[PDB]
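Trainee: Okay, so here is work_34.cif, and as you'll see once you scroll down, it has mmCIF, C-alpha atoms and all ligand atoms.
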```cif
data_input
loop_
_atom_site.label_atom_id
_atom_site.label_comp_id
_atom_site.auth_asym_id
_atom_site.auth_seq_id
_atom_site.Cartn_x
_atom_site.Cartn_y
_atom_site.Cartn_z
CA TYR A 59 0.00 0.00 0.00
CA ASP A 60 1.03 3.70 -0.29
CA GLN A 61 2.88 4.25 3.01
CA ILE A 62 3.10 7.73 4.53
CA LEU A 63 5.33 7.66 7.64
CA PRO B 1 21.32 22.70 0.06
CA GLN B 2 22.39 20.34 2.87
CA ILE B 3 19.80 20.02 5.61
CA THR B 4 20.61 18.62 9.05
CA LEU B 5 17.95 17.01 11.20
CA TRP B 6 18.21 18.66 14.64
CA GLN B 7 14.92 20.41 13.74
CA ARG B 8 12.06 19.26 11.48
CA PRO B 9 13.16 19.65 7.83
CA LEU B 10 10.36 22.14 6.99
CA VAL B 11 10.85 24.12 3.77
CA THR B 12 8.79 26.58 1.75
CA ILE B 13 6.96 25.22 -1.29
CA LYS B 14 4.87 27.07 -3.86
CA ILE B 15 1.72 25.54 -5.34
CA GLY B 16 -1.04 27.31 -7.20
CA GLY B 17 0.77 30.59 -6.62
CA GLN B 18 0.66 30.15 -2.83
CA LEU B 19 3.56 29.69 -0.44
CA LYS B 20 3.16 26.90 2.13
CA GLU B 21 5.49 25.19 4.64
CA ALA B 22 6.03 21.48 4.11
CA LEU B 23 8.06 18.66 5.64
CA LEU B 24 10.74 16.83 3.56
CA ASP B 25 9.70 13.29 4.54
CA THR B 26 11.81 10.29 3.45
CA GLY B 27 9.41 7.93 5.18
CA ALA B 28 6.59 8.92 2.79
CA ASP B 29 6.15 7.25 -0.63
CA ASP B 30 3.98 10.16 -1.67
CA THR B 31 3.17 13.82 -1.16
CA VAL B 32 0.15 14.67 1.00
CA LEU B 33 -1.00 18.26 1.41
CA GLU B 34 -3.62 19.74 3.74
CA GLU B 35 -7.03 20.62 2.27
CA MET B 36 -6.73 23.05 -0.65
CA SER B 37 -8.22 23.35 -4.11
CA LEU B 38 -6.31 22.02 -7.11
CA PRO B 39 -7.26 22.04 -10.80
CA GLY B 40 -8.67 19.10 -12.74
CA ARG B 41 -10.14 15.81 -11.70
CA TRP B 42 -9.08 13.64 -8.78
CA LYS B 43 -9.24 9.89 -8.19
CA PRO B 44 -9.52 8.02 -4.85
CA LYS B 45 -6.47 6.80 -2.96
CA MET B 46 -5.97 4.99 0.34
CA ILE B 47 -2.74 5.73 2.25
CA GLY B 48 -1.45 4.05 5.40
CA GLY B 49 0.33 5.91 8.17
CA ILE B 50 1.33 5.40 11.80
CA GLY B 51 -2.29 5.59 12.97
CA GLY B 52 -4.05 3.54 10.27
CA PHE B 53 -5.41 4.09 6.76
CA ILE B 54 -7.19 7.20 5.47
CA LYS B 55 -8.86 8.18 2.21
CA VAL B 56 -7.36 11.07 0.25
CA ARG B 57 -7.90 12.74 -3.14
CA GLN B 58 -5.29 12.07 -5.81
CA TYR B 59 -4.42 14.85 -8.33
CA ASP B 60 -1.87 13.98 -11.02
CA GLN B 61 0.62 16.19 -12.85
CA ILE B 62 0.48 19.15 -10.47
CA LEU B 63 3.13 21.85 -10.55
CA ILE B 64 4.89 22.50 -7.28
CA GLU B 65 8.16 24.27 -6.50
CA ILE B 66 10.19 23.07 -3.53
CA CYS B 67 12.96 25.33 -2.17
CA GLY B 68 13.35 26.66 -5.68
CA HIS B 69 13.31 23.36 -7.56
CA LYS B 70 10.40 22.63 -9.90
CA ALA B 71 8.57 19.32 -9.78
CA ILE B 72 5.41 18.15 -11.59
CA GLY B 73 3.71 15.10 -10.24
CA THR B 74 1.12 13.50 -8.03
CA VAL B 75 -0.16 15.39 -4.99
CA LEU B 76 -2.58 13.79 -2.52
CA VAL B 77 -4.95 16.02 -0.50
CA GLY B 78 -6.43 15.03 2.84
CA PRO B 79 -6.32 15.25 6.66
CA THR B 80 -2.61 15.31 7.44
CA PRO B 81 -0.93 16.71 10.55
CA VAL B 82 1.43 18.70 8.24
CA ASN B 83 2.08 19.20 4.49
CA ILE B 84 4.32 16.26 3.51
CA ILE B 85 6.76 16.12 0.56
CA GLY B 86 7.29 12.43 -0.17
CA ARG B 87 9.72 10.43 -2.30
CA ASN B 88 7.74 10.91 -5.52
CA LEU B 89 8.78 14.62 -5.51
CA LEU B 90 11.97 14.30 -3.45
CA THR B 91 13.39 12.22 -6.30
CA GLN B 92 12.32 14.87 -8.85
CA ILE B 93 14.45 17.54 -7.08
CA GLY B 94 17.43 15.20 -6.70
CA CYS B 95 17.23 14.67 -2.95
CA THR B 96 19.31 11.95 -1.26
CA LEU B 97 20.11 10.96 2.35
CA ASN B 98 23.78 11.04 3.29
CA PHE B 99 25.92 10.02 6.25
CA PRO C 1 26.79 6.21 2.28
CA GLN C 2 24.57 8.11 -0.16
CA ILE C 3 21.06 6.70 -0.16
CA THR C 4 18.75 7.12 -3.16
CA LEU C 5 15.04 7.88 -2.67
CA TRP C 6 13.89 5.94 -5.77
CA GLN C 7 12.96 3.24 -3.21
CA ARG C 8 12.03 3.36 0.51
CA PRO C 9 15.29 3.97 2.44
CA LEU C 10 15.27 0.68 4.41
CA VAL C 11 18.55 -0.23 6.17
CA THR C 12 19.70 -2.84 8.66
CA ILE C 13 20.03 -1.83 12.30
CA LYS C 14 21.14 -3.79 15.34
CA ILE C 15 19.42 -3.39 18.70
CA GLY C 16 19.69 -5.64 21.73
CA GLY C 17 21.74 -8.07 19.68
CA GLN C 18 18.81 -8.47 17.22
CA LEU C 19 19.33 -7.46 13.53
CA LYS C 20 16.26 -5.67 12.10
CA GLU C 21 15.15 -3.75 9.01
CA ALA C 22 14.20 -0.08 9.58
CA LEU C 23 13.11 2.93 7.55
CA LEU C 24 15.25 6.10 7.69
CA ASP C 25 12.47 8.64 8.20
CA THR C 26 13.21 12.37 8.22
CA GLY C 27 9.47 12.95 8.78
CA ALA C 28 9.54 11.29 12.24
CA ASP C 29 10.63 13.28 15.30
CA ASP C 30 11.38 10.06 17.18
CA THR C 31 12.40 6.48 16.51
CA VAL C 32 9.51 3.98 16.77
CA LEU C 33 10.07 0.22 16.65
CA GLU C 34 7.51 -2.57 16.34
CA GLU C 35 6.56 -4.38 19.58
CA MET C 36 9.56 -5.78 21.43
CA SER C 37 10.98 -5.78 24.92
CA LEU C 38 13.74 -3.38 25.88
CA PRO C 39 15.71 -3.04 29.11
CA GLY C 40 15.00 -0.37 31.67
CA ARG C 41 11.90 1.47 32.71
CA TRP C 42 9.57 3.10 30.21
CA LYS C 43 6.67 5.54 30.30
CA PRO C 44 3.57 5.74 28.10
CA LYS C 45 3.32 8.26 25.28
CA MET C 46 1.01 8.98 22.34
CA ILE C 47 2.45 9.71 18.90
CA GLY C 48 0.55 10.85 15.84
CA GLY C 49 0.82 10.79 12.07
CA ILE C 50 -1.36 10.07 9.04
CA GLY C 51 -4.28 8.12 10.41
CA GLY C 52 -4.17 9.51 13.91
CA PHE C 53 -2.43 8.44 17.12
CA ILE C 54 -1.07 5.22 18.63
CA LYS C 55 0.06 4.56 22.24
CA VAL C 56 3.72 3.58 22.61
CA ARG C 57 6.15 2.83 25.46
CA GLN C 58 9.02 5.29 25.71
CA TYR C 59 12.48 3.94 26.63
CA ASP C 60 15.34 6.36 27.16
CA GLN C 61 19.07 5.90 26.53
CA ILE C 62 18.75 2.86 24.26
CA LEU C 63 21.67 2.03 22.00
CA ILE C 64 21.18 1.11 18.34
CA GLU C 65 23.61 0.54 15.46
CA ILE C 66 22.37 1.93 12.13
CA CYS C 67 24.40 0.66 9.20
CA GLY C 68 27.30 0.26 11.57
CA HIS C 69 27.10 3.69 13.18
CA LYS C 70 26.24 3.70 16.90
CA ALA C 71 23.51 6.04 18.12
CA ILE C 72 22.02 6.42 21.60
CA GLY C 73 18.68 7.98 22.34
CA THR C 74 14.99 7.48 23.10
CA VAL C 75 13.25 4.59 21.37
CA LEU C 76 9.48 4.30 21.33
CA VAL C 77 7.94 0.81 21.02
CA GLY C 78 4.42 0.19 19.74
CA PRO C 79 2.06 -0.83 16.92
CA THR C 80 3.91 0.95 14.13
CA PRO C 81 3.57 -0.80 10.74
CA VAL C 82 7.38 -0.75 10.19
CA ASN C 83 10.44 0.07 12.32
CA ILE C 84 11.15 3.77 11.93
CA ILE C 85 14.44 5.55 12.62
CA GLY C 86 13.50 9.18 13.37
CA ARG C 87 15.48 12.42 13.60
CA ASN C 88 16.50 11.88 17.25
CA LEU C 89 18.87 9.08 16.06
CA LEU C 90 19.46 10.24 12.44
CA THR C 91 21.28 13.34 13.81
CA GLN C 92 23.58 11.11 15.85
CA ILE C 93 24.93 9.35 12.78
CA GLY C 94 25.34 12.65 10.93
CA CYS C 95 22.50 12.03 8.51
CA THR C 96 21.55 14.90 6.19
CA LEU C 97 19.19 15.53 3.25
CA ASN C 98 20.98 16.94 0.21
CA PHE C 99 19.80 18.33 -3.14
CL CL D 1 4.68 11.64 -9.09
CL CL D 2 16.59 11.20 22.08
CL CL D 3 25.60 18.15 12.56
#
```
As structure tokens, please, write out the structure in this file.
Ligand SMILES: [Cl-]
Ligand SMILES: [Cl-]
Ligand SMILES: [Cl-]
Mentor:
Amino acid sequence: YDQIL
Amino acid sequence: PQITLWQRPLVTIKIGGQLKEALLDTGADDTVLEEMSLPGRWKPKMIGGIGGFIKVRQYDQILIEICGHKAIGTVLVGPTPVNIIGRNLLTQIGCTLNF
Amino acid sequence: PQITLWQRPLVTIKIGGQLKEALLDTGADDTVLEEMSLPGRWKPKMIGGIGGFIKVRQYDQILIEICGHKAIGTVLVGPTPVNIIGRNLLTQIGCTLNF
């Protein structure tokens, strides 16, 4: 998935 | 420039003629900006962060200038604690991590 | 080393003898590791990001090796989707963003 950390 | 990390790496970006502060975020695959209006159509996108998944709006081929470097690419818009510049645009401006 | 942002900047770290994979994240103020036990006392804390907040246990003065460079600092432990090395430890190894 598109991971925004 | 060379940016150290003692403070949050917040820089000025320009999008749609407006200046905004945004965080250079190597932990983000993509760029997520706080609610704003952008031209054209958007498509749905789910992103996962530290607190779970959220739904955002995806706008493609958007012009944005970061610390003076031009980029044109995907910008996601949704509820984010801060404007985030992710790897999709960090690569466009030639950003790397070094130590 | 010079690390490209074409892919997620995942590196090997060593903590408590254990070798692990972690994400170098300039967007994170602190380092957050997936559930594990660490020595010493800890105190609860809440951290937020995309998706909201998660409760973590805060351990101080923990030693970690990141790509061979030692770094000491606070390490938060909790339900993060991936181990994250934040600015509190990136500074210690002299990590910078460059473009
Ligand atoms: Cl893009
Ligand atoms: Cl610390
Ligand atoms: Cl320094």
Trainee: Taking only C-alpha atoms and all ligand atoms into account, list the residues no farther than 7 Å from ligand CL 3 (chain D), as a ChimeraX atom specification.
Mentor: /B:4 /C:91,94
Trainee: Do you have, as a Markdown table, the list of residues of chain B lying at most 10 Å from ligand CL 1 (chain D), each with its nearest atom pair and that distance in Å to one decimal, counting only C-alpha atoms and all ligand atoms and ordered by chain then number?
Mentor:
```
| residue | atom | partner | partner_atom | distance |
| --- | --- | --- | --- | --- |
| B:29 | CA | D:CL1 | CL | 9.6 |
| B:30 | CA | D:CL1 | CL | 7.6 |
| B:31 | CA | D:CL1 | CL | 8.4 |
| B:59 | CA | D:CL1 | CL | 9.7 |
| B:60 | CA | D:CL1 | CL | 7.2 |
| B:61 | CA | D:CL1 | CL | 7.2 |
| B:62 | CA | D:CL1 | CL | 8.7 |
| B:71 | CA | D:CL1 | CL | 8.6 |
| B:72 | CA | D:CL1 | CL | 7.0 |
| B:73 | CA | D:CL1 | CL | 3.8 |
| B:74 | CA | D:CL1 | CL | 4.2 |
| B:75 | CA | D:CL1 | CL | 7.4 |
| B:86 | CA | D:CL1 | CL | 9.3 |
| B:87 | CA | D:CL1 | CL | 8.5 |
| B:88 | CA | D:CL1 | CL | 4.8 |
| B:89 | CA | D:CL1 | CL | 6.2 |
| B:90 | CA | D:CL1 | CL | 9.6 |
| B:91 | CA | D:CL1 | CL | 9.2 |
| B:92 | CA | D:CL1 | CL | 8.3 |
```
Trainee: Please identify every residue of chain B that has at least one atom no more than 9 Å from any atom of chain C, counting all atoms listed in the file, and report them as a short mmCIF file (atom, residue, chain, number, x, y, z; two decimals) with C-alpha atoms, keeping the file's coordinate frame.
Mentor:
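Saved file out-v6.cif follows:
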```cif
data_model
loop_
_atom_site.label_atom_id
_atom_site.label_comp_id
_atom_site.auth_asym_id
_atom_site.auth_seq_id
_atom_site.Cartn_x
_atom_site.Cartn_y
_atom_site.Cartn_z
CA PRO B 1 21.32 22.70 0.06
CA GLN B 2 22.39 20.34 2.87
CA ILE B 3 19.80 20.02 5.61
CA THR B 4 20.61 18.62 9.05
CA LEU B 5 17.95 17.01 11.20
CA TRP B 6 18.21 18.66 14.64
CA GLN B 7 14.92 20.41 13.74
CA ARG B 8 12.06 19.26 11.48
CA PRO B 9 13.16 19.65 7.83
CA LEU B 23 8.06 18.66 5.64
CA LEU B 24 10.74 16.83 3.56
CA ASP B 25 9.70 13.29 4.54
CA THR B 26 11.81 10.29 3.45
CA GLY B 27 9.41 7.93 5.18
CA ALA B 28 6.59 8.92 2.79
CA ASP B 29 6.15 7.25 -0.63
CA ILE B 47 -2.74 5.73 2.25
CA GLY B 48 -1.45 4.05 5.40
CA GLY B 49 0.33 5.91 8.17
CA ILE B 50 1.33 5.40 11.80
CA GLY B 51 -2.29 5.59 12.97
CA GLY B 52 -4.05 3.54 10.27
CA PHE B 53 -5.41 4.09 6.76
CA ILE B 54 -7.19 7.20 5.47
CA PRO B 79 -6.32 15.25 6.66
CA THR B 80 -2.61 15.31 7.44
CA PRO B 81 -0.93 16.71 10.55
CA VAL B 82 1.43 18.70 8.24
CA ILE B 84 4.32 16.26 3.51
CA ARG B 87 9.72 10.43 -2.30
CA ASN B 88 7.74 10.91 -5.52
CA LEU B 90 11.97 14.30 -3.45
CA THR B 91 13.39 12.22 -6.30
CA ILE B 93 14.45 17.54 -7.08
CA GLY B 94 17.43 15.20 -6.70
CA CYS B 95 17.23 14.67 -2.95
CA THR B 96 19.31 11.95 -1.26
CA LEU B 97 20.11 10.96 2.35
CA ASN B 98 23.78 11.04 3.29
CA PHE B 99 25.92 10.02 6.25
#
```
Trainee: Would you please work out which residue, of C:46, C:17, C:12, C:22, is nearest to chain A when using all atoms listed in the file?
Mentor: C:22
Trainee: Could you tell me how far atom CA of residue C:64 sits from atom CA of residue C:38, in Å to one decimal place?
Mentor: 11.5 Å
Trainee: Could you check how far atom CA of residue C:77 sits from atom CL of ligand CL 2 (chain D), in Å to one decimal?
Mentor: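 Taking atom CA of residue C:77 and atom CL of ligand CL 2 (chain D), their separation equals 13.6 Å.
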Trainee: Which protein, DNA or RNA residues have an atom at most 12 Å from (10.9, -0.5, 33.2), counting all atoms listed in the file? List them as number ranges by chain.
Mentor: C: 37-44, 57-60
Trainee: In Å, with one decimal, what is the gap from atom CA of residue C:19 to atom CA of residue A:62?
Mentor: 24.0 Å
Trainee: Take every atom of stretch 30-49 of chain B listed in the file, fit an axis-aligned box around them, add 4 Å per side, and give the centre and edge lengths in Å to one decimal as lines of an AutoDock Vina configuration file.
Mentor:
```
center_x = -3.1
center_y = 13.7
center_z = -2.3
size_x = 22.1
size_y = 27.3
size_z = 28.9
```
